[PDB]
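>>> quick one, what's the 3D model for this:
(2 chains)
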There are 2 protein chains.
Amino acid sequence: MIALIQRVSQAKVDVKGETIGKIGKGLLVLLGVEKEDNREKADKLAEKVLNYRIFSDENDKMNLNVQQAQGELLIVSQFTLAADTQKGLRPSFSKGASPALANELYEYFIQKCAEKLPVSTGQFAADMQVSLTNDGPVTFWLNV
Amino acid sequence: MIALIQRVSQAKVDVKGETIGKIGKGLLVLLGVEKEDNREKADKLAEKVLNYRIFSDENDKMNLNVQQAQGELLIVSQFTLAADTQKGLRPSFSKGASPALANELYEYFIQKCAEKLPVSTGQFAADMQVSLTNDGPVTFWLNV
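Residues are numbered from 1 along each chain as shown, chains lettered A, B, ... in the order given. Structure data below:
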């Protein structure tokens, strides 16, 4: 499972011209579900995202996690993170989870993160226009 | 070398409240320079980014590259892509290129991409607020 995170000052997800989810300071979490993922990997990835040292403390050191920083997570399903992009010019998805498993673990990861922090979401399998301001920018590819 | 690309309808880079680079349809390219990178890897990564099948054709199939799609690239230096994030909760940068090499290959990659397409940029080693609308969203981690 992959959580590609971007530190943001604000972000939102629009579907067909309407905003369906938004956050202020926090992380935009693009979530990629792979074959072999399970609730256990989700629990571990949620913990990693929630506690990753990505925010500035009162001295500008990247020392705080999103909880300490009083932020939110905007969680959006992104099947392309699981792509293999090594050869050629077209992505391959052999490691991608089926839509059923991906939606399940996506909604589950959301639940697990919500245990500790306010989170908002996109919509699974909907065309989304995801707007954000990556502050830094700061971007980390986390995975389990 | 890493090019984390996001398909956008628009994007911009602000530095201290002023927009220093912006694009319309295209790709926001977060660029991570690693130790061992060189002009040759840059040439290969620029080609990959420029020709990757990431845009929709007249039928909604992900068949066009950014050149065919008449887009631009917004290239922004991002040292965090080269981080190791496997253990613990704090990133490590053993594979990160020195600021000197990273700035060199960053400006070089920009030159190579400009040979084929209009490109705009952020500023190396400046705190940047990078705003964008990821259309899809569509996100690929490309590397060489």
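>>> give me the nearest residue to the residue positioned nearest the centre of chain A, chain neighbours excluded.
The centroid of chain A falls nearest to residue A:29 when counting by CA atoms, centre = their mean (1.7 Å). Nearest non-adjacent residue to residue A:29, counting by CB to CB, 6 or more residues apart in numbering or on different chains: residue A:75, 4.7 Å away. No exception for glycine: its C-beta is placed from N, CA and C like everyone else's.
>>> now do the biggest helix by length in chain A: which elements does it pack against?
Across chain A, the longest stretch assigned as helix under DSSP state H is helix A:99-114. Counting contacts by 3 or more CB pairs under 8 Å, 6 or more residues apart in numbering or on different chains; DSSP states H and E, helix A:99-114 is packed against strand A:26-32, helix A:39-51, strand A:72-77, strand A:119-121.
>>> right, and the helix or strand after the last one?
When you say that, I think you mean strand A:119-121. strand A:128-143 (DSSP states H and E).
>>> again, but for the longest one
On the C-terminal side of helix A:39-51, the closest following helix or strand by DSSP H and E is strand A:55-56.
>>> what lines up beside that next one in the sheet?
Paired with strand A:55-56 in the same sheet, following DSSP bridges, are strand A:62-64 (antiparallel).
>>> which ones are touching the residue nearest to residue A:98 when sequence neighbours are not counted?
Closest residue to residue A:98 apart from its sequence neighbours, by CB to CB, 6+ apart: residue A:35 at 7.8 Å. Counting by CB atoms under 8 Å, 6 or more residues apart in numbering or on different chains, residue A:35 touches A:95-98, A:101.
>>> buried among the residues you listed? Make that a ChimeraX selection.
To isolate the buried members of the contacts of residue A:35 in ChimeraX, using 16 or more other CB atoms under 10 Å in any protein chain shown:
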select /A:95,96,97,101
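>>> ok, so of the contacts of residue A:35, who is nearest residue B:13?
residue A:96 (31.6 Å; CB to CB).
>>> wait, the closest one touches residue A:78, no?
No: checked against CB atoms under 8 Å, the pair residue A:96 and residue A:78 is beyond contact range at 10.9 Å.
>>> for residue A:76, give its distance to residue A:130.
Using CB to CB, to the nearest Å, residue A:76 is found at 6 Å from residue A:130.
>>> I appreciate the help and will end here.
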